[PDB]
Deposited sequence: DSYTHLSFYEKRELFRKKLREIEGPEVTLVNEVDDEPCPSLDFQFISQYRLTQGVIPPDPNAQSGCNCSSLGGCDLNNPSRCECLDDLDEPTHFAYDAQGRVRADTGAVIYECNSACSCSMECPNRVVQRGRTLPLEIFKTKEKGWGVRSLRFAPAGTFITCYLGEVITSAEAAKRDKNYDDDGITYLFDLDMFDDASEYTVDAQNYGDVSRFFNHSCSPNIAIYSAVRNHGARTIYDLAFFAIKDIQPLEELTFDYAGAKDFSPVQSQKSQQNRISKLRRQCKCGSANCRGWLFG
């Protein structure tokens, strides 16, 4: 809707109310830049993928887990016991260190524990699952529309959040004609399969990561975090810090290979401002 019957204050207060109702750590809104009161009030905040028509989810009959049974669950210092890690090359280790941060030597694929595993929810191998721990702020950037930044220092390897949205088909992707601003592009789930062609559209439903902007010099990156032992047509898109992040520093990831820069079928350039900037065109 245009929401013309709602005033600057009413609209902004409604977006704030909407943020307050998110579970886990606080999310704030700020626009010290222009008088855009808030992002779309239609947008919904979800804690897991919102599946759609024709999207076959992983079969819980193909689920397997582990036998590690001790205090705190699975033992960082003994990864060769944990069946959840068998698909890794030697030397097997968990993706996470004693600090609960992704290791510098961890590859693109994180293998987390699942409902099938005997370990409790406090397992070191359920970091993504336990979700965001940092307070975040949706703020108005100078040239790139809305953006997100942390209120707290974040060491490299710190888990931030997952990219959520409607999971949709190629057929559905074509049916949605996307152009205007606050238009997200699609995030292919192509890390493993190609037949699936499942994609994540955060226009109407998503996470705070829906407001993360592109940088050619990013401070966060996507780790494909797999739990379910079926076919991997659907898996978690997990943001971790790849650089130490100052308070109030804009969270940016490299969209290339992940989030599209144009609608599936005039243009606006990259404003990340990095010296290495590739001048990537949007739309």
Should a student be asked to find the unmodelled regions, what ranges of the deposited sequence would be the right answer here? 180 to 181, 268 to 278
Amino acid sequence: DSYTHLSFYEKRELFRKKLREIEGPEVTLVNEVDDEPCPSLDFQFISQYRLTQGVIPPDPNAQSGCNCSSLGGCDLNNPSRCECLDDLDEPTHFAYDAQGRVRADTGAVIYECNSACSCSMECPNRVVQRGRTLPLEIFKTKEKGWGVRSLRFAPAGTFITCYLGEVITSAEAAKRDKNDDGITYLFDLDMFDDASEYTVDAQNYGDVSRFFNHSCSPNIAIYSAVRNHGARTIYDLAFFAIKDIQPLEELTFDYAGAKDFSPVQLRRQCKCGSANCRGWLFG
From here on, numbers count along this sequence of modelled residues.
Per the PDB entry, mean CA B-factor is higher for 168 to 176 or 204 to 212, namely for 168 to 176
Select between 86 to 94 and 128 to 136 the stretch whose C-alpha atoms have the higher average B-factor in the entry. 86 to 94
Out of 196, 161, 114, 150, highest CA B-factor residue: 196
Which of 80, 141, 106, 99 ranks first by CA B-factor in the deposited coordinates: 80
Compare the C-alpha B factor of residue 250 with those of the other modelled residues in its chain, then answer lowest, middle or highest third. lowest
Looking at the entry's B-factor column for C-alpha atoms only, identify whether residue 155 ranks in the lowest, middle or highest third of its chain. middle
Modelled-residue ranking by C-alpha temperature factor, third containing residue 231: highest
Entry-reported C-alpha B-factor of residue 39 relative to its chain, by third, is lowest
Quick check for you: using the entry's CA B-factors within this chain, is residue 146 in the lowest, middle or highest third? lowest
